[PDB]
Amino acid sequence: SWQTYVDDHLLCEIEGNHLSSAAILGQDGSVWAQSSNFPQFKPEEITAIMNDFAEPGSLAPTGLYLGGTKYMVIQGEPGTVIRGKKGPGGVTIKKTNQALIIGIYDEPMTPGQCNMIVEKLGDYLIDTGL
């Protein structure tokens, strides 16, 4: 199925762990691919993410929201990666040329394993021009 194809690619294991959910979203807020339990998210959340890629530091004062859940903004990569923390879990968002890769993690996955999955996904996509 398309859903199995997506889950197999986004929820792949890394060091024995896997993302809780993940998506590839267009920079327009559309869905390119979403894993089976990815949250329902709001258009304005994607706008806020895009404006933090354009003007880094803009999201931090008020927090990163995705699916109505608030994350503390922590150090990303200027213009390219946003990271958020909520308890022992969090999120990594990587900008591509036309899209965004989002991975959400929880224990026992580590923040570094989330980063590496999401980062690598995004490099893959960018290398194909997307």
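Residue positions are given as counts along the sequence shown, with the first one as 1.
Undergrad: Averaged over C-alpha atoms, is the B-factor higher for 73-81 or for 56-64 in this PDB entry?
TA: Result of the comparison: 56-64.
Undergrad: Give the stretch, out of 8-16 and 109-117, with the larger mean C-alpha temperature factor in the deposited entry.
TA: Stretch with the greater average CA B-factor: 8-16.
Undergrad: Check the PDB entry and point out which of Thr92, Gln40, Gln34, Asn97 has the largest C-alpha temperature factor.
TA: The C-alpha B-factor peaks, among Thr92, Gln40, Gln34, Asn97, at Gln40.
Undergrad: Could you place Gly103 in the lowest, middle or highest third of its chain by Cα temperature factor, using the values in the record?
TA: Bottom third by C-alpha B-factor.
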